[PDB]
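To keep things clear, I will list the structure first and then write my remarks on it.
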Amino acid sequence: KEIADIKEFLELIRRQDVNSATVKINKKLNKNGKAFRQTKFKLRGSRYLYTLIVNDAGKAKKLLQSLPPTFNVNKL
Amino acid sequence: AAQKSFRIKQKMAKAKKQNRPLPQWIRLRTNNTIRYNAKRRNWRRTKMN
Amino acid sequence: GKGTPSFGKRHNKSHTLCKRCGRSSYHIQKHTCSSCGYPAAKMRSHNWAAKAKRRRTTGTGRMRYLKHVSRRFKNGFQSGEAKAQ
Amino acid sequence: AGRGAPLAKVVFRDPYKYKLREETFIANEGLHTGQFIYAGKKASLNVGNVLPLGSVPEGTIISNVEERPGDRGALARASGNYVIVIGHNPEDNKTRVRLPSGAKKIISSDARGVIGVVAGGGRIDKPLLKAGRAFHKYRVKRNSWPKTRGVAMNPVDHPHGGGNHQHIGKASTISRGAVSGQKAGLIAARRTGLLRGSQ
Amino acid sequence: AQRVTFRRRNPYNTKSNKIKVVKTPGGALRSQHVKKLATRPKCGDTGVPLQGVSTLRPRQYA
RNA sequence: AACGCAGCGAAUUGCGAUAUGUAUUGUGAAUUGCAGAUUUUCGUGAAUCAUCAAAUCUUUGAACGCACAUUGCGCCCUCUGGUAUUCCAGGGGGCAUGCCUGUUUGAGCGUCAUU
RNA sequence: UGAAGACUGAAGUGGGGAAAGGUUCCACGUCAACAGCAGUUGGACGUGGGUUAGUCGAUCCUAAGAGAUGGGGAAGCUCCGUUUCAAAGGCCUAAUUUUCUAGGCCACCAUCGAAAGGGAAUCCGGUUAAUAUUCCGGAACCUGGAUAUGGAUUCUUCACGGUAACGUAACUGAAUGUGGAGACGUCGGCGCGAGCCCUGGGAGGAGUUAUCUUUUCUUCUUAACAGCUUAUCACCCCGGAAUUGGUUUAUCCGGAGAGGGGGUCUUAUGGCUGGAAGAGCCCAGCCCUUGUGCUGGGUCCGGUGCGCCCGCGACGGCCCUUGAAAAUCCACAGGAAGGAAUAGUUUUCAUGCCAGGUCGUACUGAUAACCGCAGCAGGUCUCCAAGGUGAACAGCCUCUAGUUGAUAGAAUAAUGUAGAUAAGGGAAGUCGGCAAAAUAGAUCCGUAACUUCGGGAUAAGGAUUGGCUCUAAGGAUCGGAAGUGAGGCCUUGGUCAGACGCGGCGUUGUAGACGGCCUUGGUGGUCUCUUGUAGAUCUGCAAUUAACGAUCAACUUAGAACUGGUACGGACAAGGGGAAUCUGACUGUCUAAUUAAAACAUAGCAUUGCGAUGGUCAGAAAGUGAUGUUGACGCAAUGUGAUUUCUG
RNA sequence: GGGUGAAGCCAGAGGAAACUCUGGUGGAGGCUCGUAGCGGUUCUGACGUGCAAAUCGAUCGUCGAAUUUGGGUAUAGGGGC
RNA sequence: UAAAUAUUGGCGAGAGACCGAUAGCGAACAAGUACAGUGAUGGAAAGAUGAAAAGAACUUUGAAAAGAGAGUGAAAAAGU
Ligand SMILES: [Zn+2]
């Protein structure tokens with residue numbers, strides 16, 4: 001698998017070879033500065049499966065809503 | 001011997017099927033002098049090739 | 001240890017199966033059979049062994065062409081078919 | 001491998017094509033890598049250069065000499081050996097030549113010869129010591145080594161062999177007019193015993 | 001502690017049949033058959049290795 | 001010579017993916033160890049019958065495209081699929097060597113006539 | 001099946017393969033024979049079930065070799081020969097746009113031969129009574145076909161950058177020629193990394209507990225593949241070296257340009273992110289006839305080394321030994337031909353589409369699946385390999401894993417077989433010290449004739465070794481006491497976002513913790529006091545060498561005291577020594593199953609034949625062979641048998 | 001796994017000089033003690049209608065090369081080696 | 001260039017002062033078969049219940065095999 005970037009992620013969705021995209025939640029704790037959430041947006045199709053790391057939960061929620069209604073957002 | 005040929009495996013395929021005892025309904029046939037199979041093979045006693 | 005210890009080392013094959021004669025007597029190092037003489041033109045027959053011919057010569061096999069020749073000769077090698085009365 | 005002589009590989013051009021042909025020469029003591037070599041009739045007299053015997057003065061030194069013209073080499077190819085030119089003839093193109101054994105020979109004037117002594121000299125001087133050194137010499141040549149003495153053998157296996165004591169029995173000096181099987185010893189000997197000085 | 005086995009039948013330790021032992025995500029120690037190393041490209045006139053060119057066995061860089 | 005084929009067979013006896021046989025002709029009711037039919041039983045017809053003139057004939061072998069301790073690897077014509085003169089697969093037909101008779105292209109100041 | 005005792009002891013009674021066997025693997029039924037006792041058990045007997053590949057092999061290339069064809073032999077079965085005294089072909093582009101014809105270049109040549117050599121590309125987790133790198137789930141990669149979107153390139157064009165080593169995501173190139181990879185021995189130490197071993201703190205579970213032990217044991221793991229970083233060796237620019245410098249364990253290098261300062265490159269190997277925590281392992285708790293789940297938790301942070309074993313790297317010894325070939329893929333020289341702007345070139349790059357045949361794949365690999373007439377103390381090619389003792393892959397004792405199989409019971413006569421000990425003497429035995437005894441490890445002392453001065457040599461011959469408590473020496477990392485303006489914690493002032501949770505049927509109401517940036521002062525010794533405490537935990541003006549301080553960490557080598565039934569390499573393991581004579585110099589080799597030697601071989605020495613139309617030798621014959629991919633410092637044929645010394 | 005310590009290098013001491021001694025470093029050899037491996041000396045031990053048509057035990061030789069061994073290939077009976 | 005002449009092989013018919021299952025072909029039977037050897041090759045043993053299987057239903061002892069009775073048949077002194 002490759003990675004992210006951001007951006008390019010937005011241009012990868014414009015292909016529509018990439019149809020679906022699962023999301024994952026992984027609780028981390030950078031030396032207990034903050035015990036933070038993180039999310040992971042993975043994009044299948046075809047040779048590679050790409051993935052973007054986003055740490056802030058706020059930044060993730062704006063991005064999660066902004067994608068098309070027709071796009072199949074899988075979870076876990 | 002694991003890495004065997006097709007010509008060898010074809011001979012051993014026969015050796016499986018031929019090695020079996022005499023069917024009972026043949027013994028009730030008319031005239032018939034046969035009782036047990038003479039041509040029989042066990043792997044420990046006798047070898048093939 | 002010329003006897004039983006040397007017998008323990010025997011696990012090779014000087015001879016394999018043959019195409020023509022169907023017998024485990026095909027020398028690989030020489031590229032020739034001892035029984036029939038494949039691959040040559042002829043069958044390896046010898047007058048000094050009468051039993052050698054008796055085991056393999058005509059009559060032993062199916063004779064799936066030669067078996068019906070005497071029947072064809074007697075009738076006179078016909079063509080066509082019988083009609084009816 | 002198994003040759004007392006370091007070889008040399010020289011690149012010549014093809015006069016009739018855009019190509020290169022390598023030829024394997026025996027290196028005379030004096031050559032080096034990144035050196036020019038001049039082969040022909042009009043070529044000059046230096047170490048390495050290949051000349052025909054006619055365009056060479058008397059008392060010169062050469063090696064890899066041809067018996068005929070077009071033989072591609074024959075006389076004097078071994079280590080530390082060299083042919084010396086003695087004489088000349090105008091009528092009949094035939095120079096006089098001395099071979100390294102001692103016996104002289106008349107060779108044609110147009111035959112070739114590479115100038116200089118053959119490299120790797122003084123190979124025979126060191127003794128072999130241990131038998132394993134002798135093994136490795138014959139290991140990269142033939143199967144001619146561990147030679148048993150014929151007198152030690154049985155009378156079946158060799159003529160000299162047999163008897164209660166290890167002796168030959170009859171004269172080891174055997175004739176030229178003999179047959180294969182008999183010839184084991186000194187064949188057609190003029191002299192026998194220890195020779196003094198002059199060969 | 002944890003012994004290992006061969007994979008591709010060929011039992012004899014020759015070149016093109018050597019093993020680097022590796023820990024798995026399961027936990028067991030298992031073998032993996034290491035490929036042969038590629039020597040560097042070299043100069044024509046001199047016998048010096050050529051700089052600014054990749055290694056790779058002759059077929060990998062097709 | 002190998003490998004297969006019977007409703008239930010391992011061998012022997014028969015036959016070749018049309019496989020203990022199909023068509024054709026004759027005889028006129030069986031086969032049979034146990035099943036099972038088919039009703040064909042005043043018939044263009046039972047049968048492990050006799051007969052035998054039409055066909056089928058796996059892979060081989062003098063064995064023939066080149067090989068053959070390999071079910072190895074190619075080339076040509078032709079129809080059908082996948083977008084196809086060239087790539088992939090499928091169905092069909094072909095490609096050995098020596099020698100003879102002829103046919104068509106040719107090679108040689110070997111040699112003849114004509115510009 | 002349970003419980004208790006045992007052994008093999010990781011060079012194994014462990015886990016997998018090669019040759020060879022061929023269903024012996026696995027389930028259900030069942031004991032007439034076979035398993036030299038027995039049998040309810042079985043590798044037996046009866047009836048079925050079982051081996052799934054583009055990536056692992058075979059297939060393909062060549063090796064020592066084998067072997068058609070053209071030719072020449074032989075009455076002939078066939079023999080020689082493989083590039084030859086042969087007219088020995090198959091590879092690319094158009095023409096023509098019926099798909100058949102035209103361009104061309106180039107040329108001593110079948111075919112078989114390796115399941116350990118060469119070689120296009122796959123890994124983790126799950127699942128079966130018996131199969132898996134081959135099925136299922138998830139993530140990759142190659143070769144051969146097709147092909148269009150984006151990007152790049154183009155007014156003078158087939159890109160620009162850097163002094164240079166070289167760089168960038170891409171960046172026309174035929175005939176022909178040249179170069180690289182494929183492609184290569186061994187012994188030695190030094191360095192780097194993997195895995196295991198060892199060990200500290202925590203987070204769980206099991207063991208022990210009359211008494212003692214912040215402990216005895218175990219779990220805390222991370223694949224191929226994608227991306228960005230990291231190196232000894234080489235190499236480029238600057239500059240000019242004897243008071244010669246730099247430098248390895250190992251002495252090599254420099255006006256053919258060293259040291260010093262600054263760079264470029266191969267990515268072997270590590271690090272971080274993706275893979276990927278959703279998986280696996282380890283606890284705790286719910287139901288549930290079954291099938292099963294379902295629900296919480298945790299999966300963390302380090303240290304050490306002449307350690308063991310494997311790989312990689314730069315170096316150094318060896319040789320009258322210098323340690324395979326071809327298929328196959330790439331690069332450069334070279335300029336053939338072909339191309340634009342109202343548009344065209346590129347498919348050595350980014351994405352995207354289709355396809356991947358044939359055969360092998362079970363199990364055993366041996367004191368019971370192979371060979372030895374057999375379930376025979378025999379024989380038969382390999383890989384992985386823990387703890388303690390110790391020089392040690394020696395012997396002895398454990399852990400993991402695997403067996404507990406080899407007819408049993410009762411008494412203890414002679415004679416046996418295998419092990420043992422013995423008063424005084426010490427080879428008197430016997431053909432003969434045969435057999436058995438004694439010596440043995442380490443450290444220090446001490447060492448003859450003779451000698452080819454290399455050895456003899458562990459010569460001979462003495463002394464010491466335990467346990468416990470101490471002392472001495474041997475290393476690696478990091479730090480200098482004072483003179484302002486500027487960037488940790490706390491506070492002051494400015495400046496900017498804003499986490500989550502809950503309630504009515506995606507919506508609508510709703511509290512709302514906290515984070516960094518910017519910048520002035522204060523913060524071990526000291527005093528105020530009966531006593532202090534927090535962090536010494538960014539530039540200026542410029543003091544110093546042994547006179548030192550902190551912090552962590554190995555195992556070696558010396559010396560001293562005390563102490564015992566004078567014992568201490570306490571078991572295991574481990575040379576008897578000396579003075580001569582005959583003989584072969586030495587290491588080496590042979591009579592497989594009565595002879596291992598003084599026999600054979602050997603280096604060294606000597607003799608004989610040969611200049612290719614030749615010597616020695618094969619063949620029935622050949623337009624045929626071996627030495628010979630040879631040429632007298634060579635090839636062939638014999639004798640003697642190192643050195644010193646002589647050969648009448 | 002030990003023992004011995006050859007060339008090649010570095011430093012010192014003695015001497016009027018020619019040179020001569022001493023200490024390290026280094027790791028040579030068909031060297032040497034000994035495990036697996038390969039062999040088969042003695043007990044004229046065990047067994048000798050055997051476990052075995054050549055095995056069993058203890059004691060022994062050699063153990064980095066004239067070494068030990070797998071697969072492929074060559075040489076065939078007055079012939080081969 | 002037919003005929004009179006040959007013939008231990010092949011296809012089809014006749015006979016015998018010949019052998020009678022250790023004989024006669026090696027082989028009267030699933031014989032060039034089973035089995036041995038790396039290989040050329042080597043190479044056995046084995047015929048007969050009764051006219052008809054009518055091949056022993058049923059009881060009882062035994063874990064079973066079998067045993068005692070019974071029954072079939074001219075005979076089980078014919079029980080595969
Ligand atoms: Zn044959």
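Following the order of the structure tokens, first chain is A, next is B, and so on, with residues numbered from 1 inside each chain and ligands from 1 in the order they appear.
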Which of range 2-82 of chain C DSSP labels alpha helix (DSSP H), written as number ranges by chain: C: 4-7, 50-56, 69-75
Can you write out the residues you just picked, keeping C-alpha atoms, as a tab-separated table (two decimals), in the first residue's frame?
chain	number	residue	atom	x	y	z
C	4	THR	CA	25.77	-57.70	3.33
C	5	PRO	CA	27.24	-54.19	3.86
C	6	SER	CA	27.69	-53.62	0.09
C	7	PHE	CA	24.08	-54.72	-0.61
C	50	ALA	CA	14.51	-71.17	-28.74
C	51	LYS	CA	12.59	-70.11	-25.59
C	52	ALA	CA	13.37	-66.42	-26.30
C	53	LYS	CA	11.30	-66.55	-29.52
C	54	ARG	CA	8.60	-68.83	-28.01
C	55	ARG	CA	7.74	-66.19	-25.36
C	56	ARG	CA	7.31	-63.24	-27.81
C	69	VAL	CA	-7.32	-63.35	-42.72
C	70	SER	CA	-8.00	-67.11	-43.07
C	71	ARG	CA	-11.76	-66.36	-43.06
C	72	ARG	CA	-11.34	-63.77	-45.86
C	73	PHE	CA	-9.15	-66.10	-47.99
C	74	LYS	CA	-11.69	-68.98	-47.93
C	75	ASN	CA	-14.53	-66.75	-49.22
Contact set, chain C to chain B: 12 Å, only C-alpha atoms, as a list in words: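 The complete set of qualifying residues is residues 12, 13, 15, 16, 17, 18, 19, 22, 23, 24 and 25 of chain C.
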Who sits within 12 Å of residue 57 in chain I, only C-alpha atoms (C1' of nucleotides), same chain under 5 positions skipped, as JSON, numbers by chain: {"I": [70, 71, 72]}
May I have the residues within 12 Å of range 42-45 of chain I as a PDB file with C-alpha atoms (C1' of nucleotides), in the first residue's frame, using only C-alpha atoms (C1' of nucleotides) and disregarding those fewer than 5 positions away in the same chain?
ATOM      1  CA  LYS C  51      12.592 -70.113 -25.591  1.00  0.00           C
ATOM      2  CA  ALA C  52      13.367 -66.416 -26.304  1.00  0.00           C
TER       3      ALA C  52
ATOM      4  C1'   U I  22       6.148 -88.526 -10.816  1.00  0.00           C
ATOM      5  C1'   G I  26       7.653 -77.060 -20.022  1.00  0.00           C
ATOM      6  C1'   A I  27       2.136 -76.736 -19.669  1.00  0.00           C
ATOM      7  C1'   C I  29      -6.557 -76.639 -14.498  1.00  0.00           C
ATOM      8  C1'   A I  31       1.274 -71.787 -18.176  1.00  0.00           C
ATOM      9  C1'   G I  32       5.306 -69.242 -20.619  1.00  0.00           C
ATOM     10  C1'   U I  33       1.137 -68.115 -15.653  1.00  0.00           C
ATOM     11  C1'   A I  34       2.933 -67.518 -10.118  1.00  0.00           C
ATOM     12  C1'   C I  35       7.876 -66.553  -8.512  1.00  0.00           C
ATOM     13  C1'   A I  36      13.945 -65.330  -8.876  1.00  0.00           C
ATOM     14  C1'   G I  37      17.814 -62.163 -11.321  1.00  0.00           C
TER      15        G I  37
END
Test item: residues at most 6 Å from residue 41 in chain A, only C-alpha atoms (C1' of nucleotides), excluding those fewer than 6 positions along its chain, as JSON, numbers by chain: {"A": [23, 51, 52]}
Mind writing the picked residues with N, CA, C and O atoms as a tab-separated table (two decimals), in the first residue's frame?
chain	number	residue	atom	x	y	z
A	23	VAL	N	-13.25	3.27	6.69
A	23	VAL	CA	-12.59	4.12	7.69
A	23	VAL	C	-12.30	3.32	8.97
A	23	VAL	O	-13.05	2.39	9.30
A	51	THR	N	-4.03	5.17	1.46
A	51	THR	CA	-4.53	5.50	2.81
A	51	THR	C	-3.99	6.83	3.35
A	51	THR	O	-2.79	7.11	3.26
A	52	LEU	N	-4.89	7.65	3.91
A	52	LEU	CA	-4.56	8.97	4.45
A	52	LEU	C	-4.71	8.98	5.97
A	52	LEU	O	-5.75	8.57	6.49
Residue list for chain I near chain C as a PDB file with N, CA, C and O atoms (P, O5', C5', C4', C3', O3' and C1' of nucleotides), in the first residue's frame, 9 Å, only C-alpha atoms (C1' of nucleotides):
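As a result, part_21.pdb now contains:
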ATOM      1  P     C I  11      -2.536 -71.782 -37.349  1.00  0.00           P
ATOM      2  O5'   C I  11      -3.606 -72.081 -38.491  1.00  0.00           O
ATOM      3  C5'   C I  11      -4.477 -71.042 -38.978  1.00  0.00           C
ATOM      4  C4'   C I  11      -5.240 -71.496 -40.203  1.00  0.00           C
ATOM      5  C3'   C I  11      -6.040 -72.783 -40.083  1.00  0.00           C
ATOM      6  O3'   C I  11      -7.265 -72.622 -39.373  1.00  0.00           O
ATOM      7  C1'   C I  11      -4.887 -72.769 -42.141  1.00  0.00           C
ATOM      8  P     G I  32       0.448 -69.822 -22.168  1.00  0.00           P
ATOM      9  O5'   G I  32       1.852 -69.465 -22.835  1.00  0.00           O
ATOM     10  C5'   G I  32       2.574 -68.258 -22.509  1.00  0.00           C
ATOM     11  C4'   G I  32       3.200 -68.360 -21.137  1.00  0.00           C
ATOM     12  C3'   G I  32       4.125 -67.209 -20.745  1.00  0.00           C
ATOM     13  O3'   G I  32       3.940 -66.888 -19.370  1.00  0.00           O
ATOM     14  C1'   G I  32       5.306 -69.242 -20.619  1.00  0.00           C
ATOM     15  P     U I  38      19.107 -58.251  -8.751  1.00  0.00           P
ATOM     16  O5'   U I  38      18.600 -57.731 -10.169  1.00  0.00           O
ATOM     17  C5'   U I  38      17.832 -56.522 -10.300  1.00  0.00           C
ATOM     18  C4'   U I  38      18.417 -55.642 -11.379  1.00  0.00           C
ATOM     19  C3'   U I  38      18.316 -56.163 -12.802  1.00  0.00           C
ATOM     20  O3'   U I  38      17.039 -55.834 -13.344  1.00  0.00           O
ATOM     21  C1'   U I  38      20.491 -55.271 -12.398  1.00  0.00           C
ATOM     22  P     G I  39      16.198 -56.924 -14.159  1.00  0.00           P
ATOM     23  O5'   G I  39      17.166 -57.289 -15.370  1.00  0.00           O
ATOM     24  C5'   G I  39      17.401 -56.354 -16.440  1.00  0.00           C
ATOM     25  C4'   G I  39      18.469 -56.878 -17.372  1.00  0.00           C
ATOM     26  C3'   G I  39      18.219 -58.255 -17.966  1.00  0.00           C
ATOM     27  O3'   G I  39      17.374 -58.138 -19.109  1.00  0.00           O
ATOM     28  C1'   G I  39      20.461 -58.096 -17.182  1.00  0.00           C
ATOM     29  P     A I  40      16.543 -59.401 -19.648  1.00  0.00           P
ATOM     30  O5'   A I  40      17.629 -60.215 -20.483  1.00  0.00           O
ATOM     31  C5'   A I  40      17.981 -59.826 -21.825  1.00  0.00           C
ATOM     32  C4'   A I  40      19.208 -60.577 -22.286  1.00  0.00           C
ATOM     33  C3'   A I  40      19.022 -62.074 -22.506  1.00  0.00           C
ATOM     34  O3'   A I  40      18.517 -62.327 -23.816  1.00  0.00           O
ATOM     35  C1'   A I  40      20.984 -61.679 -21.221  1.00  0.00           C
ATOM     36  P     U I  41      17.275 -63.321 -24.029  1.00  0.00           P
ATOM     37  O5'   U I  41      17.888 -64.738 -23.634  1.00  0.00           O
ATOM     38  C5'   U I  41      17.119 -65.745 -22.945  1.00  0.00           C
ATOM     39  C4'   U I  41      17.831 -66.152 -21.676  1.00  0.00           C
ATOM     40  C3'   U I  41      17.151 -67.228 -20.843  1.00  0.00           C
ATOM     41  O3'   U I  41      17.421 -68.546 -21.313  1.00  0.00           O
ATOM     42  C1'   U I  41      17.769 -65.439 -19.437  1.00  0.00           C
TER      43        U I  41
END
Selection near range 74-78 of chain F, 9 Å with only C-alpha atoms (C1' of nucleotides), sequence-local residues under 3 positions removed, as a ChimeraX atom specification: /F:65-66,92-95
Exercise: residue 55 in chain E partners within 7 Å, only C-alpha atoms (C1' of nucleotides), chain neighbours under 4 positions left out, as a list in words: residues 38, 39, 40 and 41 of chain E
